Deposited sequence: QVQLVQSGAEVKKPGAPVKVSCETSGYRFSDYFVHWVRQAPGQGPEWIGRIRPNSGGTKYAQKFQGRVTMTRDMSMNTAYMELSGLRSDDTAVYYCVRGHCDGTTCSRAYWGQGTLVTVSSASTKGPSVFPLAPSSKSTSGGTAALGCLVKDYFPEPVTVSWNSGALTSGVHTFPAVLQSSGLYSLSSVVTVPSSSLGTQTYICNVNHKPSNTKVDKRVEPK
């Protein structure tokens, strides 16, 4: 199959550059333009520019002229995009995209998997995990997973045995530059005296593994 495989997630401080690689297989690399597209959160997708691998010729959108450099390594079937001067508004998932037309015929595009680039001065930190205790039918309880960086955290309930009624919310970015998330579960009111409820929180970057019991106050 036609495949485009990009490098991993990036966290960069404002002003730093990022260089994303896009290795290809399953077609003749020299024959297709390689395009770069991003999509920031709360924005439509945006075309960055393209490279023509045979010549190495590049074309960039007005807004990225002077801050983006696209290159390729024919021997490795890989294209690269380097974006300099990163600002918060460059936080986005970045894609490489094989073109449609080889000179003779025109077909579909093929997309890489995406590379998340997060622009932030925050350092790695593990969350504190606090209970959301059920109140004095159907009852709700949960865990607040607070003040961590970077994404992601994972949450399970009772070591994966409780899945029904679980809602684990998207994280929000606080003005401190740290993330917070909540995981809740709805359960029978009848179970609150007898059933143990434990949220299992993992945050790999900080080697955090927390098992927090959630019980009535």
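Participant: Could you give the ranges of the deposited sequence that carry no C-alpha coordinates?
Facilitator: Residues missing from the model, as numbered along the full deposited sequence, span only 137-141.
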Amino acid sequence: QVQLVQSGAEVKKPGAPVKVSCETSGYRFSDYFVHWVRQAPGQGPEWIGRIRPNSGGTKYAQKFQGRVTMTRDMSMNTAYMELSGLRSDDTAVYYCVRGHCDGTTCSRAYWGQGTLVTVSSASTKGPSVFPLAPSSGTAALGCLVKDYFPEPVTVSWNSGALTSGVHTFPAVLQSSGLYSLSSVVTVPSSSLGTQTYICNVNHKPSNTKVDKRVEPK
From here on, numbers count along this sequence of modelled residues.
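Participant: Which has the higher mean CA temperature factor in the PDB entry, 24-32 or 176-184?
Facilitator: Mean B over CA atoms: larger for 24-32.
Participant: 127-135 versus 102-110: which one carries the higher mean Cα B factor per the record?
Facilitator: Looking at the recorded C-alpha B-factors, 102-110 comes out higher on average.
Participant: Between 84, 121, 115, 91, which carries the biggest CA temperature factor in the record?
Facilitator: Highest C-alpha B-factor among the listed options: 84.
Participant: Identify, among 48, 166, 161, 192, the residue whose C-alpha carries the highest B-factor in the deposited PDB entry.
Facilitator: Max CA B-factor in the entry, restricted to 48, 166, 161, 192: 161.
Participant: By the record's CA B-factor, is residue 65 among the lowest, middle or highest third of residues in the chain?
Facilitator: Highest third, going by the recorded CA B-factors of the chain.
Participant: Looking at the temperature factor on the CA atom of residue 141, which third of the chain's modelled residues does it land in?
Facilitator: Lowest third.
Participant: Compared with the other modelled residues in the chain, in which third is the CA B-factor of residue 39?
Facilitator: Tercile = lowest for this residue's CA B-factor.
Participant: Check where residue 79 lands among this chain's C-alpha B-factors and tell me if it's the lowest, middle or highest third.
Facilitator: It belongs to the middle third of the chain when residues are ordered by C-alpha B-factor.
Participant: When the modelled residues of the chain are sorted by Cα temperature factor, does residue 201 land in the lowest, middle or highest third?
Facilitator: Residue 201: CA B-factor falls in the lowest third of its chain.
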